[PDB]
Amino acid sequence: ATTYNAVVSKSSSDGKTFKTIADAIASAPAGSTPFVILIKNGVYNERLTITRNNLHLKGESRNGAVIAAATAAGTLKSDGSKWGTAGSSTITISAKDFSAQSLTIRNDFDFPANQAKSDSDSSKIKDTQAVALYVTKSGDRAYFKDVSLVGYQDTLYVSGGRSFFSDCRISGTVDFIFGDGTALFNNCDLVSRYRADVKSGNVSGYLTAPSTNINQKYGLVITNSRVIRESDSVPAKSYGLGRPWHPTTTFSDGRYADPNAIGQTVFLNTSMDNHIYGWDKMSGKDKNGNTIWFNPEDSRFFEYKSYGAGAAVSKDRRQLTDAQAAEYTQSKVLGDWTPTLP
């Protein structure tokens, strides 16, 4: 008995349906009773910030139901300032118990066309992060089933609490899954994209850039998934599994890369194609303004039974024991939260 409180569609003939997702959401009664919105197939050019708890979106299909907007961190607002990384997000989850199913969320920033522009072209953006989905610190218990997240740089920004991605497709280039949140991905396609602007022997990107605080037990946890390249032109050994992101943070002794943001990315029972070369390091600025490198061997980067040509042949890729692997069940990672659809 699945009941939709509202229906969004492109038809002005579909009946008492909404034209945009924002309107359908705004029709929700104040409070925290569950509210479910069916989004009929179509491309909805909208940027949404979810502040209503217990809101649930269901698209007619992951392939046909799309929420898309083109915004880069470097994209300028009316006042001439930049949107920023968080601000470029097509969808921002700032409420609890959100769920999206069978739909696609895209940031349509044309990263390749931007990279192809001449350097003297004043419209060529440097701050090229363009987030498709951002789960903020106010978005605990965000659930995404049969959802597709599309972007290049910084596709998925997960911060704060717990989020679960099941049977999803996430595509990107650089740090396309990043943040400090507890994000569990099960049975997902993590799609590494082609970079026309990167020479074949250089790094095209990194699947993850966790910023997990050292005291947080779980960061980015990918299980029973597939790490694949979007095309045969993605070179062998062009993608890192992860890179340690230590966010510039304000401390009583200055603003610089957080030394305690010792990120975690763990893969279990996940296939990896040949584009993966292993983990990588990342640089930031320390308390003195010097360049500092945060190394993978100093981060919580682990694998358990990866397979495929991209899996570990060498030993500089730490492996979990069977006992340690048992600590990465959905129950343990998500704790008191059991993700369920309306």
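The first residue of the sequence shown is number 1, and the count goes up from there.
Mean CA temperature factor is higher for 6-14 when stretches 6-14 and 19-27 are set side by side in the entry. Once the C-alpha B-factors are averaged per stretch, 295-303 and 59-67 rank with 295-303 first.
Among 148, 223, 85, 136, the highest C-alpha B-factor in the deposited entry belongs to 136. Which of 190, 76, 116, 209 has the largest Cα B-factor in the deposited entry comes down to 76.
The deposited CA B-factor of residue 284 belongs to the middle third of values across its chain. Among all modelled residues in its chain, residue 121 ranks in the middle third by Cα B-factor. Among all modelled residues in its chain, residue 97 ranks in the lowest third by Cα B-factor. For residue 153, the recorded CA B-factor ranks within the lowest third of the chain. Only modelled residues enter the ranking. Looking at the C-alpha B-factors along this chain, the one for residue 198 belongs to the highest third.
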